[PDB]
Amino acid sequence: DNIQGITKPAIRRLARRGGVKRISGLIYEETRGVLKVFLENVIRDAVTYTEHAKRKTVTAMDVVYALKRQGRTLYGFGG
């Protein structure tokens, strides 16, 4: 049950960078739900690349290739 590892303090910090001044009580669970879904979607694609490679190790390129498929391109890890 690690989704609760995203402490209330962390989500509040993310929101401050988002420029949010006041956070409602229910935003904490709503957010964990959104993160779980974002992650679940990226890891699927990433793991699909890993399996296809016949590898047992999810590499950083696999995550990067997975992100580019979601139209969420990342820079800083070999592309």
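Note that residue numbering begins at 1 and tracks the sequence as displayed.
Among the modelled residues of the chain, residue 55 sits in the middle third by CA temperature factor in this PDB entry. Residue 18: CA B factor lies in the lowest third for its chain, per the PDB record. Residue 46: CA B factor in the middle third of modelled residues in this chain (values from the PDB entry). Residue 27: CA B factor in the middle third of modelled residues in this chain (values from the PDB entry).
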